[PDB]
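Since the structure comes first, as structure tokens, the remarks are kept for the end.
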Amino acid sequence: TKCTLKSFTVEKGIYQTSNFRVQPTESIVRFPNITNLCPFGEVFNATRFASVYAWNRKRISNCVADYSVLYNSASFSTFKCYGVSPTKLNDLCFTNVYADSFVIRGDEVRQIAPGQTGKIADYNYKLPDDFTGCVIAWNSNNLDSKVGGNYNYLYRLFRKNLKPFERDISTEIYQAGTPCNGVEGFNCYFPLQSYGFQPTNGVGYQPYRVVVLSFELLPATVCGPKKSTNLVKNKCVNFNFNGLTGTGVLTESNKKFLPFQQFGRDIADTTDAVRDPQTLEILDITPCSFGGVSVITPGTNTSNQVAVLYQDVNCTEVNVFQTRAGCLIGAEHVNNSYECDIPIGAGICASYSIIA
Amino acid sequence: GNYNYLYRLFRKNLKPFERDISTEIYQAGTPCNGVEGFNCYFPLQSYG
Amino acid sequence: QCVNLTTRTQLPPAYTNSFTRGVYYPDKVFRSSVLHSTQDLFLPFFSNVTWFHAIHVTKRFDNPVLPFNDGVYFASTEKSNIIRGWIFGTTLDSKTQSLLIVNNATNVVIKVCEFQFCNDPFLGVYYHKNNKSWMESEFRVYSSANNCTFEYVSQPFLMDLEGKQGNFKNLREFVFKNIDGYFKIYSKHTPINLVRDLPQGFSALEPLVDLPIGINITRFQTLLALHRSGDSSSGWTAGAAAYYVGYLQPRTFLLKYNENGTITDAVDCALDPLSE
Ligand SMILES: *[C@@H]1O[C@H](CO)[C@@H](O[C@@H]2O[C@H](CO)[C@@H](O)[C@H](O)[C@H]2NC(C)=O)[C@H](O)[C@H]1NC(C)=O
Ligand SMILES: *[C@@H]1O[C@H](CO)[C@@H](O[C@@H]2O[C@H](CO)[C@@H](O)[C@H](O)[C@H]2NC(C)=O)[C@H](O)[C@H]1NC(C)=O
Ligand SMILES: *[C@@H]1O[C@H](CO)[C@@H](O)[C@H](O)[C@H]1NC(C)=O
Ligand SMILES: *[C@@H]1O[C@H](CO)[C@@H](O)[C@H](O)[C@H]1NC(C)=O
Ligand SMILES: *[C@@H]1O[C@H](CO)[C@@H](O)[C@H](O)[C@H]1NC(C)=O
Ligand SMILES: *[C@@H]1O[C@H](CO)[C@@H](O)[C@H](O)[C@H]1NC(C)=O
Ligand SMILES: *[C@@H]1O[C@H](CO)[C@@H](O)[C@H](O)[C@H]1NC(C)=O
Ligand SMILES: *[C@@H]1O[C@H](CO)[C@@H](O)[C@H](O)[C@H]1NC(C)=O
Ligand SMILES: *[C@@H]1O[C@H](CO)[C@@H](O)[C@H](O)[C@H]1NC(C)=O
Ligand SMILES: *[C@@H]1O[C@H](CO)[C@@H](O)[C@H](O)[C@H]1NC(C)=O
Ligand SMILES: *[C@@H]1O[C@H](CO)[C@@H](O)[C@H](O)[C@H]1NC(C)=O
Ligand SMILES: *[C@@H]1O[C@H](CO)[C@@H](O)[C@H](O)[C@H]1NC(C)=O
């Protein structure tokens, strides 16, 4: 109170100096159940994949996509791209996901990248300069490689440039300049080529299953996992309910919310009750105890004794005397009645030890 | 290509006017225990 | 394949007076025993709404062109659930994505998808005479689709499909809005005991669904069902039904919420000086 009054001498009276408030602890976030999982399981690990020039297109929307499980599996050899990071991606939501899956060779992994040129990057599949998303490649020796020779995979090798994200199912014969009239012979070779993967082939020629995931933005449909936490009551808590952030203590609520209503607002447009999505439970939010602090002194010229009054605070959780004006500490309550000297309030006064 | 200039790429905040001369490996997730491989990459990259 | 239906007499469109209907919850906020003023797209009180009939008595098969300005209030007065579905779009000729909602005999289908929509799409229920069983038999809406983005099919169920005789006993109210790329469909059901009118009183239209579609909608149409037991375009019966279509405008409404939390009554801020 000396600092508050900007003086070293304090006259007898009551002064409001500070404001006691309960700090919030155990911040909690609650989100609805993660029960919308579109089948990501077999889009990456299926029975068989198509050729690189006949890559399949997979459309993903309205899903709850979690990429932490893909990253921490550690069973996938290739994981590297720019624009996005392995962490913090779960907190980013995108409108749509495009998936392109195929099988390439060991040396083909280097060619498939934005800004990189090559025969595959020019005749089979190319990426835009502003590409969003990236590619994941994993070894498939135990599945794609077959003893005796596998020729089910075919890639374009002769072509006259390709637009980004372009599919060319047609494999019309290529002319190098006397026209062959669509007949195999001179100046007209086979435009495609097989792979012929063998078990004896090393890391440079072993098969690799490749999936490219791209995100486009311009309403968002597929978001992150949105993990939740535990629920605790009877404490001043920072709560995050469905993105709504607030501070307060939860308690049992007798209000009956309608099925389509999540949170409730009373008069003056402030949150009063909220229904958590996990267990359809309605809880009343009330602010945790706070209030001003009043310093009662008989004057520095008289004595240095001090009484502390917490205004409208049930200070059972922090010479304690509780009245409807709050709670006073440091003064002995007496059953007598004298003329008021320091007006505390609500019919309660203090005077000089300090008595109330 | 000139590769004598380096910049930090991966790191865990940084205060204003703070110097970080240490280039210890950065773990983004089974820990590699300071060994180059999965779940960790070198934090320095060259402009070239 | 679809064939245009003939034998439909031309009669001028009918307009009917809507009395304190078309009121819905502005948001998902619970309020108890309080007066709240909110500005939103609403249907004005005591307005004029376009009324379409369906009765054998011609046969009064009403599937005309209807624009979609800012939102649609659709009331269906029925005794046998003749109305089937709704279609939303801009071009309606496979060059732009569209939206389709159909409640057939077993499921409920919502497709955000491109269709080669016919000029006269409809449903058809065949009423067998050898045995008593009303079942859907014909569905002439779309031809084919190459691209398609959103599909939703509800759990299978059973429906009556029989045409009862008497006065109307069911009223299905819907509100369709499209704002910020979100399509909101609000629905309510009400029993009635009238022959032809729009019921008075107050009814709060609770929310039903919120699709994140984000497509432009400036044109919508309805889909009914016809009974069968003539030619392909002459031997059909519409069945007794009616539906009212109204347009929503940005208005300020004052709503009273009771202790139950539901909407009790509402007044406008631009209808008459007393309400303002
Ligand atoms: C129903 O009538 C409409 C218009 O009267 C028919 O639409 C015509 O379709 C043909 C071929 O599909 C086009 O060449 C015409 O230009 C269309 N008419 C107009 C005005 O655009 C429609 O084919 C009819 N449905 C039938 C016969 O099943
Ligand atoms: C009502 O519509 C639904 C949705 O199309 C129909 O359910 C499909 O029926 C076809 C044909 O039997 C099946 O191939 C699909 O697998 C069904 N989809 C499901 C079950 O999600 C249903 O058959 C229609 N009902 C009637 C009476 O035509
Ligand atoms: C295949 O990929 C899916 C991705 O959803 C993953 O869950 C699964 O564990 C993988 N299986 C193998 C054998 O790698
Ligand atoms: C959410 O999941 C929990 C755990 O299974 C379950 O107890 C609860 O009923 C679920 N709530 C909803 C709304 O699905
Ligand atoms: C209070 O002030 C008076 C004069 O202002 C002085 O004589 C007296 O000593 C002071 N009290 C104390 C305890 O110092
Ligand atoms: C709040 O104050 C009242 C005084 O009437 C007291 O009985 C009660 O125990 C206090 N609350 C708590 C949690 O201590
Ligand atoms: C309480 O007040 C009564 C009546 O004034 C008095 O007789 C009693 O001694 C008082 N007790 C205490 C502990 O002050
Ligand atoms: C009917 O609707 C029209 C608009 O189409 C409106 O001008 C008119 O006031 C309404 N009422 C009557 C009685 O015509
Ligand atoms: C009985 O009614 C069904 C309609 O649900 C119809 O398909 C069937 O043909 C009828 N039985 C005979 C013998 O016609
Ligand atoms: C389908 O989407 C592709 C992708 O852009 C587009 O080129 C095509 O015009 C769309 N419509 C049809 C009928 O393929
Ligand atoms: C809707 O119309 C606006 C007009 O500015 C256009 O920019 C937008 O691409 C359209 N959206 C669709 C899905 O057609
Ligand atoms: C809620 O509605 C019921 C009737 O369903 C009524 O009895 C009750 O008084 C209303 N108000 C409440 C429960 O606060």
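Where a number appears in this text, it was derived from the coordinates with a stated rule and is not lab data. Note: ideal-geometry Cβ built from the backbone for every residue, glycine included; neighbour counts use all protein chains shown.
Considering only segment A:256-271, I want to know if a residue exists there that is closer than 30 Å to C:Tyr24 by Cα, among the acidic types (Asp, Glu) and within 14 Å of chain C (Cβ to nearest Cβ).
yes
How many residues does segment A:332-356 hold that are closer than 13 Å to A:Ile296 by Cβ and either hydroxyl-bearing (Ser, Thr, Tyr) or in contact with a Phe, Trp or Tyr (Cβ under 7 Å, 6 or more places away or on another chain) (or both)?
Total meeting the criteria: 4.
For segment A:285-304, state whether one or more residues are within 14 Å of chain C (Cβ to nearest Cβ), surrounded by fewer than 13 Cβ atoms within 10 Å (Cβ to Cβ) and either within 16 Å of ligand 7 (Cβ to nearest atom) or assigned to a loop (DSSP other than H, G, I, E, B) (or both).
Scanning segment A:285-304, I find no residue that is within 14 Å of chain C (Cβ to nearest Cβ), surrounded by fewer than 13 Cβ atoms within 10 Å (Cβ to Cβ) and either within 16 Å of ligand 7 (Cβ to nearest atom) or assigned to a loop (DSSP other than H, G, I, E, B) (or both), so the answer is no.
Just the residues that are surrounded by fewer than 20 Cβ atoms within 10 Å (Cβ to Cβ) and within 16 Å of ligand 1 (Cβ to nearest atom), please, taken from segment C:93-116.
Scanning segment C:93-116 gives C:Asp93, C:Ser94, C:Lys95, C:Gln116.
Checking the structure you have, find out if any residue of segment C:75-89 is within 16 Å of ligand 10 (Cβ to nearest atom) and either within 14 Å of chain A (Cβ to nearest Cβ) or under 17 Å from the mean Cα position of the chain (by Cα) (or both).
Looking through segment C:75-89, at least one residue is within 16 Å of ligand 10 (Cβ to nearest atom) and either within 14 Å of chain A (Cβ to nearest Cβ) or under 17 Å from the mean Cα position of the chain (by Cα) (or both).
Show me the strands (runs of 3 or more DSSP E) found entirely inside segment C:232-272 where at least 1 residues are more than 14 Å from chain A (Cβ to nearest Cβ), within 16 Å of ligand 9 (Cβ to nearest atom) and surrounded by 15 or more Cβ atoms within 10 Å (Cβ to Cβ).
Qualifying strands (runs of 3 or more DSSP E): none found.
Which one of the conditions (1) surrounded by 12 or more Cβ atoms within 10 Å (Cβ to Cβ); (2) touching a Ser or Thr at 6+ places or on another chain (Cβ under 8 Å) does B:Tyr3 fail to meet, given that it meets all the rest?
So B:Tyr3 meets the others, but not (1).
Being polar (S, T, N, Q) and either under 30 Å from C:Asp197 (Cα atoms) or within 16 Å of ligand 3 (Cβ to nearest atom) (or both) is the filter; apply it to segment C:136-178 and report the residue that is surrounded by the most Cβ atoms within 10 Å (Cβ to Cβ).
Among them, the one singled out is C:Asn178.
Away from chain A (no Cβ under 11 Å) and closer than 23 Å to A:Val84 by Cα, is that true of B:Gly48?
yes
Any residue that is within 13 Å of chain A (Cβ to nearest Cβ), small (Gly, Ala, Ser) and in contact with a helix residue (DSSP H, G or I) (Cβ under 6 Å, 6 or more places away or on another chain) - is there at least one of those in segment B:17-30?
Yes, segment B:17-30 contains at least one residue that is within 13 Å of chain A (Cβ to nearest Cβ), small (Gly, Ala, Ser) and in contact with a helix residue (DSSP H, G or I) (Cβ under 6 Å, 6 or more places away or on another chain).
Looking only at residues in segment A:82-121 that are surrounded by fewer than 18 Cβ atoms within 10 Å (Cβ to Cβ) and within 12 Å of chain B (Cβ to nearest Cβ), which one is nearest to C:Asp210 (Cα to Cα)?
A:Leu89
Pull up segment C:31-59, narrow it to residues that are β-branched (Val, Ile, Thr) and loosely packed, with under 13 Cβ neighbours inside 10 Å, then point me to the one that is farthest from C:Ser203 (Cα to Cα).
Step by step, filter segment C:31-59, then rank; the result is C:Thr58.
For a quick check of your reading of the model, give me the residue pairs whose first member lies in segment C:208-219 and is within 10 Å of chain A (Cβ to nearest Cβ), whose second is of a type in the set (A, V, I, L, M, F, W, C) and more than 16 Å from ligand 8 (Cβ to nearest atom), with beta-carbon atoms closer than 6 Å and at least 6 apart or on different chains.
That search, which allows pairs on different chains as well, returns C:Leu208/C:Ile185; C:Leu211/C:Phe183; C:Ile213/C:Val112; C:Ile213/C:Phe183.
Give the residues of segment C:168-195 that are more than 14 Å from chain A (Cβ to nearest Cβ), farther than 15 Å from C:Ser80 by Cα and of a type in the set (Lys, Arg), sorted by residue number.
Passing the criteria: only C:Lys177.
Please work out if A:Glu339 is away from ligand 11 (no atom under 16 Å from the Cβ), of a type in the set (D, E, K, R), within 28 Å of A:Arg21 (Cβ to Cβ) and in a loop (DSSP other than H, G, I, E, B).
The answer is no for A:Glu339.
Considering each of C:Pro212, C:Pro191 in turn, give the residue that is surrounded by fewer than 14 Cβ atoms within 10 Å (Cβ to Cβ), over 25 Å from C:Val65 (Cβ atoms) and touching a strand residue (DSSP E or B) at 6+ places or on another chain (Cβ under 9 Å).
Just a single option satisfies the conditions, and that option is C:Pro191.
Which residue is farthest from the other protein chains (Cβ to nearest Cβ), if the candidates are limited to segment C:132-167 and must be more than 16 Å from ligand 10 (Cβ to nearest atom), over 26 Å from C:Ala54 (Cβ atoms) and in a loop (DSSP other than H, G, I, E, B)?
So the residue we want is C:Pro156.
Which residues, taken from segment A:272-284, are in contact with a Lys or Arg (Cβ under 8 Å, 6 or more places away or on another chain), within 11 Å of chain C (Cβ to nearest Cβ) and within 16 Å of ligand 4 (Cβ to nearest atom)?
A:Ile282
With (1) away from chain A (no Cβ under 14 Å); (2) not in a loop (DSSP other than H, G, I, E, B); (3) not charged (D, E, K, R) as the list, and C:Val112 as the residue in question, which single condition is left unmet?
Evaluating C:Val112 over (1) away from chain A (no Cβ under 14 Å); (2) not in a loop (DSSP other than H, G, I, E, B); (3) not charged (D, E, K, R) leaves (1) as the failure.
Looking at (1) away from chain A (no Cβ under 14 Å); (2) surrounded by 10 or more Cβ atoms within 10 Å (Cβ to Cβ); (3) at positive phi, which is the only condition B:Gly34 fails?
(2)
Mind counting the residues in segment A:251-293 that are on the phi > 0 side of the Ramachandran plot and either of a type in the set (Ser, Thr, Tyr) or under 24 Å from the mean Cα position of the chain (by Cα) (or both)?
So the answer is 1.
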